[PDB]
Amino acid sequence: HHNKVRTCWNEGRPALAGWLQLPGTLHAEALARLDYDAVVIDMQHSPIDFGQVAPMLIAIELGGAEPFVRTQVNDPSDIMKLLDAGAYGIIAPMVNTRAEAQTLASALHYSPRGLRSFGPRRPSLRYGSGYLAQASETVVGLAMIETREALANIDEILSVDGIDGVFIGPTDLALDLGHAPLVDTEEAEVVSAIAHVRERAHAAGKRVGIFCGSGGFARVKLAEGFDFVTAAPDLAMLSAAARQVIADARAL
């Protein structure tokens, strides 16, 4: 009866999360059983719809990691249905202003703190009778920062009480800032932008996460003091594994 990422935080440690773009329950469970604190299901840059995400949330919870979802859009009703289906973390794209951050916050809390609609099918089963007492704590919410405008409005975004923090998408930020969308970009303007966001978030007493294409990049970000680090998409890890298997098999 605790959110595994909040459990990390409450002991002053970061969380490490997986990242799924392939639908299905078997790899979800299997990866959740690894040394991940959470597994994010990507519903934006994937073919995963609601019908496919629902059983995946169950698998992840059984494997023993906190089920997260990066949604397709910052839409309150979408987020509500996922929370009611047992998503216990939400990463919302394209949060560029304070109003949009407030929109995210509105979906995560019941009245009076937000406007979340009441019908917690799966959380009521996990947390039982004492759910509603602690409902806000059970969920982690992060606003994605991935545009020049978000960067400009970082302080007003972090002013919003009902979100835990922000989540950096480095590749989308590189592309928005006029650069190539490299995996794990180290383009200097982007490195500076990210460093800045991390500072402002910590200064405001908020959490800061970041998407990572690799183990090596995650290690750096963890060393830099990021609170929530994802590494690495299941599809990318599998393709690179298969390429290496083939190279080894066809070698002289």
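From 1 onward, residues are counted along the sequence shown.
- Averaged over their C-alpha atoms, the temperature factors of 129 to 137 and 175 to 183 are higher for 129 to 137.
- Comparing the deposited coordinates for 20 to 28 and 6 to 14, the stretch with the larger average C-alpha B-factor is 6 to 14.
- The PDB entry assigns its highest CA temperature factor, among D227, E199, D37, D42, to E199.
- Within the selection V160, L82, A92, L108, the deposited Cα B-factor values reach their highest point at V160.
- Placement of the Cα temperature factor of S124 within the chain: highest third of the modelled residues, per the deposited record.
- In the PDB entry, a CA B factor belonging to the lowest third of its chain's modelled residues is recorded for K221.
- Ranked by Cα temperature factor within the chain, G205 sits in the highest third according to the deposited record.
- In this PDB entry, the Cα temperature factor of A251 sits in the top third of its chain's modelled residues, the highest group.
- Residue-level temperature factors show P67 in the lowest third of its chain, judged at the C-alpha atom.
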